[PDB]
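As structure tokens, the structure follows; a few thoughts come after it.
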Amino acid sequence: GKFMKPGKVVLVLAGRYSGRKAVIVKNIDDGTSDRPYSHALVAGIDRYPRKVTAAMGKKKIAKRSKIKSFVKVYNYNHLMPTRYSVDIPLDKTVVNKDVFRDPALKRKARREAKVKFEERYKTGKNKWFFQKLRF
Amino acid sequence: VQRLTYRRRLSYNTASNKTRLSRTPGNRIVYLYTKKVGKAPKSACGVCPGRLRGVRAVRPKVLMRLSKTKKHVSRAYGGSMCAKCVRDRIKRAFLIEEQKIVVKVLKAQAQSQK
Amino acid sequence: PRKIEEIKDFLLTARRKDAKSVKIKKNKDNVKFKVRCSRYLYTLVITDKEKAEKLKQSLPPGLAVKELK
RNA sequence: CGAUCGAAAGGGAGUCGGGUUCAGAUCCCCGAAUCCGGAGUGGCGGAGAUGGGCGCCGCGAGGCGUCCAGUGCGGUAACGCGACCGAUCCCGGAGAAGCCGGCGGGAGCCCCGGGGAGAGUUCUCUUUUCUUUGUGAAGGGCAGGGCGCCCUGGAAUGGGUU
Ligand SMILES: [Mg+2]
Ligand SMILES: [Mg+2]
Ligand SMILES: [Mg+2]
Ligand SMILES: [Mg+2]
Ligand SMILES: [Mg+2]
Ligand SMILES: [Zn+2]
């Protein structure tokens with residue numbers, strides 16, 4: 001059975017975002033004419049939220065809980081799939097494949113990834129996705 | 001044929017007293033004292049025999065002059081470790097951490113029945 | 001030495017505060033404009049004899065000109 | 001982890017071209033650079049960064065008011081772009097490496113065929129013989145050399161290759 005699904009959490013193995021976690025938002029298992037290899041559009045996080053503990057102020061928690069996201073198309077052999085899955089919405093009208101021609105649309109794709117990731121992080125769910133991989 | 005002499009008082013062919021020939025606007029051949037050849041950094045993994053890419057090979061005190069983008073690669077462990085041993089350490093750090101969760105689950109699986 | 005490709009940046013380098021002098025070299029198939037700044041001697045290379053003469057009037061008036069020969 | 005000393009051949013950032021004396025020149029003069037250190041007011045420019053939603057107005061071009069975000073960006077990747085916060089602590093690299101053989105590249109010198117310039121022979125011959133015929137450091141671009149770097153793809157009728 002195929003596992004490269006649009007809910008799967010993967011690890012990035014190469015590039016600038018190496019060692020960072022992403023969620024597949026659109027897999028393409030058989031290559032397009034421009035990208036002959038099997039690939040996937042993912043939407044991950046660049047800057048992990050910092051360690052937030054008690055005996056801290058409320059405006060400081062909102063400062064440590066700041067997620068910076070990224071949107072990128074990756075080859076499959078540059079990805080490390082996990083068993084973990086997250087049910088994040090990520091509506092596909094704003095996060096898609098012709099995002100990589102207009103930088104303003106890439107800003108909106110990163111913004112829409114960022115707001116949903118911060119909203120999911122402030123509920124205490126999918127907590128393995130938001131801790132950095134120690135390597 | 002114009003035979004040429006040293007321009008400094010060190011008359012011995014040591015490692016620091018290395019020269020090269022140069023043709024001059026006055027139409028004569030001079031010695032130019034060269035600098036030692038630099039080396040790219042070796043990877044921090046310790047297994048790859050090749051040197052790192054994207055970093056200029058200079059003498060160590062030249063690295064004061066150079067900007068940061070000439071001294072590293074935009075990656076985690078960039079300019080200090082090769083990409084092969086970065087991704088082979090990402091996989092290792094993920095998989096051993098997963099296997100520890102498997103061992104933790106199988107511990108409670110034994111303690112549940114016993 | 002630095003080579004300025006365009007004409008527009010040459011005017012800023014000539015209008016710098018540290019521009020000590022400007023000098024014009026008239027050789028064959030080339031006109032050379034050299035601004036002596038504090039660090040570099042900036043050279044503008046013009047292969048158009050009409051633009052050389054209009055730029056020669058277009059130098060700023062506060063700069064000292066030395067027409068070389 | 002032992003004060004301190006210990007190499008004008010080890011390590012050790014950064015200067016070259018022309019000219020000049022009766023005797024000194026990478027030191028004097030001229031012209032080009034370069035290294036290190038310094039800065040409250042930080043001298044200027046650039047980066048950080050000036051984006052979006054909602055509600056009005058403006059025909060629109062766009063303009064006020066709120067709610068937020070914003071410690072950069074691109075490439076599948078090797079990695080790239082002019083910057084691109086971060087301490088105590090930790091890890092690593094450079095400095096920092098023997099002798100010999102073979103091969104390849106690039107210089108300098110030598111060699112051959114011509115153009116100039118000036119000399120030598122010429123009793124006879126010799127389009128002949130001799131001399132000379134260029135560009136520094138630093139920056140930018142392009143050859144060239146090397147890669148135990150990456151992507152596609154899967155190879156026996158085994159191939160590639162010195
Ligand atoms: Mg010495
Ligand atoms: Mg040369
Ligand atoms: Mg670099
Ligand atoms: Mg001593
Ligand atoms: Mg010494
Ligand atoms: Zn390695």
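Counting convention: from 1, in listed order, for ligands and their atoms alike. Proteins get letters first, then strands, A, B, ... in listed order; numbering begins at 1 in each. All heavy atoms count here, side chains included; hydrogens, waters and symmetry mates do not.
Protein N/O/S atoms found under 2.8 Å from the Zn ion (ligand 6): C45(B) SG, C48(B) SG, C82(B) SG, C85(B) SG.
Geometrically, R89(B) engages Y77(B) in a cation-pi contact defined by less than 6.0 Å to the ring centre and at most 45° from the axis. By the 6.0 Å and 45° rule, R8(B) stacks over the aromatic ring of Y33(B). Geometric assessment of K97(A) against the ring of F100(A) yields a negative cation-pi assignment under the 6.0 Å and 45° thresholds.
Outside the 6.0 Å centre-distance limit, the rings of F129(A) and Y84(A) are not counted as a close aromatic pair. Aromatic ring centroids of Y42(C) and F10(C) lie 6.0 Å or more apart.
A salt bridge does not link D9(C) to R2(C): none of the charged nitrogens lies less than 4.0 Å from a carboxylate oxygen.
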